[PDB]
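In what follows, chains are A, B, ... by sequence order, proteins preceding strands, each numbered from 1.
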Amino acid sequence: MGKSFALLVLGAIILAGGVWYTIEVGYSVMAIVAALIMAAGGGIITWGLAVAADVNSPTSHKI
Amino acid sequence: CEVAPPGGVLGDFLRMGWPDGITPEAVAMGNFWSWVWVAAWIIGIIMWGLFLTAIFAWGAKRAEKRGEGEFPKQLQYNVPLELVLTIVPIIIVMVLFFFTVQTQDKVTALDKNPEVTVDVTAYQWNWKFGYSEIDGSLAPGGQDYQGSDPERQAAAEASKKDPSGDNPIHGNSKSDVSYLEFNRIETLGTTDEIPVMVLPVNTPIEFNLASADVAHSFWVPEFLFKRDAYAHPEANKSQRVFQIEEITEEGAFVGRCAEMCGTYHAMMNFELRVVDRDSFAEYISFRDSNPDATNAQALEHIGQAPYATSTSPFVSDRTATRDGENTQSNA
Amino acid sequence: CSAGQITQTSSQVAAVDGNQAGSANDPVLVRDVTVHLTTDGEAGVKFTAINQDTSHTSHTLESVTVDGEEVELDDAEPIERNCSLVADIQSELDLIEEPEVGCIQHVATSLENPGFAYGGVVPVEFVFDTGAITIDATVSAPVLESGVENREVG
Amino acid sequence: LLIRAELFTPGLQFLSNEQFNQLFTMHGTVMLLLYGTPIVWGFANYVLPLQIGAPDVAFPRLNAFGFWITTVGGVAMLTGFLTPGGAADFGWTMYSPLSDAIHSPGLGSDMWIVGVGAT
Amino acid sequence: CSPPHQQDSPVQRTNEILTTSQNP
Amino acid sequence: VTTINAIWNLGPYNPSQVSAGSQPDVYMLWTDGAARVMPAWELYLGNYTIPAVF
Amino acid sequence: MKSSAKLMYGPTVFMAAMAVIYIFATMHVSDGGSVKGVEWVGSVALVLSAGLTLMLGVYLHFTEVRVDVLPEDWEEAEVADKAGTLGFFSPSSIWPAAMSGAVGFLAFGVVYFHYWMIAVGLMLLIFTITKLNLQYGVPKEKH
Amino acid sequence: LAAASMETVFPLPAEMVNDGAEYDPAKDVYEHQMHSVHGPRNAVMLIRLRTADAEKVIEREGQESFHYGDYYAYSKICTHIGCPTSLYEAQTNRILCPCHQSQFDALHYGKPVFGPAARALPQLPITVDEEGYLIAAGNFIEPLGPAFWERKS
Amino acid sequence: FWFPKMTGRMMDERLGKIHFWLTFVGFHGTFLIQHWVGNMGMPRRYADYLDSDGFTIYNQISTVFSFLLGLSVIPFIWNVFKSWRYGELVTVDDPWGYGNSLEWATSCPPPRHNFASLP
Amino acid sequence: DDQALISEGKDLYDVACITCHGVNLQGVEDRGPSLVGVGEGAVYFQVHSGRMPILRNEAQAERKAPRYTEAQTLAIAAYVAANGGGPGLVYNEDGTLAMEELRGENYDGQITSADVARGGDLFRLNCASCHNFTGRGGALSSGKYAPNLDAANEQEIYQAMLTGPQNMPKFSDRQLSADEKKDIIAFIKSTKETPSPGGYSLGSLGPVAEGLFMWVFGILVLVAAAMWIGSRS
Ligand code: HAS
Ligand code: HEC
Ligand code: HEC
Ligand SMILES: *C(=O)CCCCCCCCCCCCCCC
Ligand code: FES
Ligand SMILES: [Ca+2]
Ligand SMILES: [Mn+2]
């Protein structure tokens, strides 16, 4: 797995952080900024899962 | 549909966000909706399950680790099964169409014996309500009440032709407004005030729609129904009246414009407030006696809040709403 | 870029000689306030008071004063909600009607000119039985009959 | 994504009503008529003669013309955003009388028409 | 790179008042 | 078959008047365009000044 | 090209049927959600659509009846049956892009409704289509 | 003048008037008045502002008493290369030059906000006289027109 | 599927799976909850709404996953660009192995006139 | 009459104008201004030329096809004029709304050239800065522009001068007297309706038009001639 779990850890810290910020801002323009942070968090979550989903059954060899 | 849904949390899931519906025909449509979702979830579950079976059983590594070889069984045709799987959908959609026709014919009928007729006018970008007919049993005085303002209706009727002769549309003037309705008791929405249409409970009602310029749409989500309001509805062959057998329960209900009409399309809201039968008789008597009085004062007079509650007017300032507070309050 | 939250059209104000006071939130507005001083001698105050209080309190225009000079304005009954009290000098109210529809009320008015200057600005106080408004207002001549008045050598 | 950003919270945070209308109109038009139909014809152009066993298509210069007229339709349609008033803002359906000149007078409303025509 | 004699007035406009003399 | 300089429509010269699209002839438009695109970069050197149009 | 010509009669019969059905239905049937009367747009549209499929089906059939048995319309054709010339194909041309540019100038003139733009765009368009259609025939220079 | 209007005015000395109560049909003031109209630095634009816009004005240092109520007077010659700035936008209160699109704020003592101009439009001090006509209370406080090497600032 | 035939090069399978999962998660997170907010009474083409409507939370979830769905195209663009010029080279007429149609009977990429010989 | 006219005007106002100008014509903050004191001339210019109703806020509302008949326009103008007067319409001696009679102060059947000669100088001083010599139009700041003076009738020219529409300055009848306005009308209609003696006007824009004409198509046809006479090898 490797970087899979690493991504999943990092992304959670980003996602939760955005969830903390979207409650503070809260309807201003910066709410959008908070959402973007949250999206990037979710992106890195899915990125980690995708890496796992590839190394579960790789369709390519490093040859 | 006559049959009620399963109810409980299962019914709440099945109706998938629909309001309960404040009319009998709204109940019929909601029933039909929940049952067609029972059907739809069956289809979706079994076919997503097939797409999962493809992932977890029909793989090539699973087939090779148990010695199936290089290729599968090269089957391509099964005339009976590919007939049956086509004929079953047909007999499914025929039953769906039967129930569809039943519900549509109940909702769309125009023989519900209306007791209150409201003339609705849409324009860019608000609503105008007026009582065309109020049959005697709740009317002011007891005599069957007609609402037309003859002088103003006659001015609109005379605007049907240009005296200067610019009459291009089949002999009529381009700015003809003789299709619009003008009544004595009217409520006119503004940027500062939501128009609140007062109606009675347990009474058959007729709505008569039209627009002053551009197409609009009269969507009350609690009726589970909407219709487009057009300019010159008869030239478009658009049936401009619809009827409900009753509103079952009283309260305040939001209504929105559901057809794109331009800049302030999202700000064209109205309220449909529903009150007791005798309370409605009092409201219409008050308004008919002292026609200078406003809508809020009559609402106060029958013991209701002066202004809309299910919705509010928007702050017209183009920047003040930037930090969330886009609603302006009333006394 | 011009259809933004700041646009040129949405900013524009009434191309009229008078000033205005009152917002979307204020209960009673004044529109087109201006001290009209004729070139012959007559003077007065032009304005339109508009009641839009949602508590349905009527406002009676009690008094009007211009640089401390009292205004004579003929009797007006109170302004109920969505009613309007129009006011000008009588010579100019004779050029328009008073509608039977809606709720509009014409009242003539006049000032004793202390010697205001054309072009300048003076503070005008409206006092209603509920409250008060203060507004700067320019001294100006009334409009002419359109298309009749040529200028001459003199 | 601009549309989704402005729908994030109740008030109008950076867009106006006009600009939001322009945005959904042009999102719909671009995605249906400048992405969808041309990618259909692009995949067809590439693989179809390989699938049926032909060397060329029947009318090669008409094929070239189709590509270039689609690009010009795209450029025309999007040129409305360069006006001060902006693009068309009556939805990708262009319902009438909202599409009449009496009710949508900007030049973008013309540009949209000729755009879809070229495509 | 700015003109050295083109400042904003420090004193604000005081909303002054005008008049003209007259025979009466 | 085509007008080029309806001087009668322009009227005599007056230092106080001007028109909207008052451009020079095409072979000079580049100079006018230069004058338009140059920013307001002006030098103020004590009692002297180098205008932006330098 | 038998199957291609013949499968155009499925939609022809269907669209003609739907045309007559729609016509009679919209003029005679009444429901509370529409006004009775023949609906002319759908009428003309469906009958002209059946006209389009009729047009293709009939022309392709009238051609099919006098084309020989081609190898591509034969179930056991050898690859060497189409050996020979296949036909002429344009290898290159600048004039398609030229035509798109002419149509662009025309369309922007129509947008702004500048008369000179419409005139110039129509001139450009006739020119570029003409030059497209004269590409492989321009004389050799005689000097 | 109405409450958002612009007039082009020229310097009319008292010895060239010949109008009003003192008009004589034999006084021939034409050629001198034309001489006034045809001076290069003579044209001024007299602007009457709305009241609510007039009370947003930011004056220049030393020129706070140049106006007269809602009446402001600005040199009509552009401070770029000398065209007349004859395009008063009545709603934006920008004075626009048609030659190279310089824009001056009239609620900001004529300060440029666009284009190649760098200097503010000169302002003329104005007032009214005993008879009720508008006069120039003084001369401009700066050189006017385009800049030259010898002009300070 | 047809990038090898078009170019003579394969794409990176891992980057493709990242693209797929990003698109899938973002898409269902964007548009599934919109069924509910539409049934609940939100009309289309609404620039602004009131916080009393009850629409806010659904719009917030939808926009968060919309930006995720927008990020999904970043691995796709990178995969196309990188593989176009540095991708694994195709040495076989049919790099997936079991190509049915005729386009896999010719090389990767095909010659100018498609076929060097026909089966 | 006038009360029936005011009733018709109020009813039309209530379904077309009330969202941006309010029920008491007071204005709505960022949607439209107050109409108190604009007069019949403002309503005539705006409605009859087609400028009202605005249907999206931009840099400038544009002239478009009218939404109301002239009779309906005058009904609405009556109703608006009851809310505080303002400048009015120019009627002729019989009582009809004035039109071709405004074509110069000394009009009598045809335009007189002295009126055109004075109105030319008046237009070139007060108007041409924005509308170009002979009124072809001009560009203002930030997407705004001065229209083309072709579409306007004489009444609309007069009411434009009186009312100062959008970014246009006001010209009261004390600033430009009635005769000076009528001479400006005479000049507009003389130049708008006299073909150029020297052939096609090329839009009367000025040198950019003749530039484009020559420096594209003029040199193109002589290049074509050169290619006809010379060799491509
Ligand atoms: C084939 C046809 C279509 C496709 C595909 C499509 C895709 C989307 N649509 Fe849509 N659309 C809507 C939302 C979306 C979203 C979110 C996507 C998504 O696919 C969009 C994402 C796709 C992208 C391709 C984005 C690329 C991203 C870029 C370029 C930026 C990436 C960089 C980032 C994020 C910064 C990096 C940050 C880091 C931290 C690294 C919505 C509402 O949310 C409405 C209704 C609006 C209303 O008010 O009614 C709508 C309306 C329509 C209409 C009707 C138009 C009308 O009513 O006038 C049509 C026909 C249509 C078609 C199509 N649409 N759409
Ligand atoms: C909001 C969409 C509007 C509607 C509906 C109507 N008008 Fe309007 N009007 C609006 C704006 C933003 C402006 C400012 C100037 C501009 O062109 O943008 C105006 C202006 C007027 C005027 C001129 C006022 C003046 O200062 O002289 C008039 C006379 C006017 N509007 C009248 C009017 C009428 C009668 C309408 C119903 C037919 C109407 N307007 C609709 C915005 C809006
Ligand atoms: C620039 C500051 C202008 C000056 C000086 C004059 N006008 Fe104008 N005019 C200008 C604008 C920005 C507009 C558009 C106003 C709108 O609301 O659309 C106008 C409009 C006119 C019109 C109307 C034309 C029409 O389309 O019906 C006319 C007839 C007109 N202007 C005439 C005119 C005259 C005669 C002027 C000199 C006295 C004049 N304008 C000055 C901008 C400017
Ligand atoms: C001013 O407000 C005009 C309308 C602004 C709309 C803002 C949204 C722009 C979205 C991108 C447009 C791309 C256009 C491409 C042009 C070739
Ligand atoms: S002369 Fe005024 S900006 Fe150039
Ligand atoms: Ca928002
Ligand atoms: Mn619809």
With a cut-off of 6.0 Å (strictly less than), are more than 12 heavy atoms of other residues, nucleotides or ligands near [atom1] of [X]?
| X | atom1 | answer |
| --- | --- | --- |
| G/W116 | CH2 | yes |
| G/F24 | CZ | no |
| G/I21 | CD1 | yes |
| G/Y59 | OH | no |
| G/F88 | CZ | yes |

Legend entry - Closest non-hydrogen atom pair, D/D56 against G/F89: CB-CD2, 3.5 Å
Inset, instruction - Flag the pair D/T71 / G/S100 as yes when at least one side-chain heavy-atom distance between them is below 4.5 Å, and no otherwise. - result: no
Inset, instruction - Please state whether the side chain, the backbone, both or neither of G/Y112 comes within less than 4.5 Å of a heavy atom of chain D. - result: both
Inset, instruction - Could you have a look at G/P91, G/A98, G/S90, G/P96 and say which one has the most heavy-atom pairs with chain D under 4.5 angstrom? - result: G/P96
Legend entry - G/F108 and its side-chain contact (heavy atoms from CB on, under 4.5 Å) partner, picked from D/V72, D/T79, D/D110: D/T79
Inset, instruction - Go through the atoms of D/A64 and report whether side chain, backbone, both or neither lie under 4.5 Å from a heavy atom of chain G. - result: both
Legend entry - Neighbourhood of chain D inside residues 40-55 of chain G, taking heavy atoms under 4.5 Å as contact: none
Inset, instruction - Anything in residues 122-143 of chain G with a heavy-atom distance to chain D below 4.5 Å? Please list those residues in order. - result: G/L132, G/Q135, G/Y136
